[PDB]
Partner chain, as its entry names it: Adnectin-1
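Next up is one chain by itself, shown in structure tokens, the form deposited without its partner chain.
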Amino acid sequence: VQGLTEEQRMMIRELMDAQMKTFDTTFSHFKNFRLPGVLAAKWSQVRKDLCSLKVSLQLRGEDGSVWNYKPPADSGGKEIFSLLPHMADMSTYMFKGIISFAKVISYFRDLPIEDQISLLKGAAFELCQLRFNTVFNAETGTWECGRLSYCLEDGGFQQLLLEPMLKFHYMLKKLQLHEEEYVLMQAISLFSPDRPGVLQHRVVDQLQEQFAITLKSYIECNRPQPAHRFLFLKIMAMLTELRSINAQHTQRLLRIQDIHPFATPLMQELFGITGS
């Protein structure tokens, strides 16, 4: 790129190579996953919690066959849980890729093991959502995950933007970010010094500032257009919003888990569930 220091260029290269090595953008190795079956104030809140993300599922076979799943309506029973095993398997697959991402980055490997764990626990969900945005089709409201597709169900478009996670995906897609800007967002999220349990606050804070400076300079050197004025500040605002979404989603997941267990072992580990 233009105008960056040698170190800033090395930093982007390290992140881009980690992304390349650990982001299966065709989802070719996502296999053996579960699928929905064929054919008291807690519950009220868990009902509201589950209806926030309503998707149909399409699976396109290599042979040309297509399976399509349309979810039920909420009618007061366990049917609101039908996609949870599947989504648990997808989130587990994505978390593994995010853990692999972080472990390949020198700046992360050099942290104490305890801070490595605290940073992954704090950011795993946010990095997953950033990766999912790169496969989000805003015109069709669909996450295109190779041969799998997750399509938002039909109030219209303005009413979907009321769900913070969906507004986030649509707003982030509109910024038309480069791969390099997505991976710097992932690094700024990963190297957050204020996650619970971080000990090397000062080292992590210094690393995060360098990633943010690199992103700011990347944008200044490579995006002169009036449309990209304030882009760096827009991205940082989205990262702050993404952290809020993370906290809301973690509370939602724990409420659902409390009355209807579904988290895989890796999810339990990331969410602090002990098994007792």
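Superpose the two forms; the largest set of C-alphas matching within 1.5 Å is the rigid core. Only residues modelled in both forms are compared. Numbering follows the first chain given and starts at 1.
The same protein also has a form solved in complex with its partner chain, omitted here; what follows describes it.
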**Report entry** Listed residue that, although its partner chain is not shown, lies within 4.5 Å of it in the bound PDB entry (heavy atoms), from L84, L160, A138, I117
**Finding:** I117
Requested in this report: Name the single residue among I99, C128, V203, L152 that comes within 4.5 Å of its partner chain in the bound PDB entry, judging by heavy atoms.
Outcome: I99
Query raised in the report: So in the bound PDB entry, are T22, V104 and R109 all sitting within 4.5 Å of its partner chain, heavy atoms only?
Result: yes
Query raised in the report: Would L253 count as a contact of its partner chain in the bound PDB entry, using a 4.5 angstroms cut-off between non-hydrogen atoms?
Result: no
Query - its partner chain contact at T142 in the bound PDB entry, heavy atom, 4.5 Å - result: no
Query - Heavy atom of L266 within 4.5 Å of its partner chain in the bound PDB entry - result: yes
Query - Core-superposed comparison between this form and the one not shown: the option from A237, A247, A227, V66 whose CA moves 2 angstroms or more - result: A227
Requested in this report: Fit on the rigid core and then flag the segments of at least 3 consecutive residues whose Cα positions all differ by 2 Å or more between this form and the one not shown.
Outcome: 155-159, 225-227
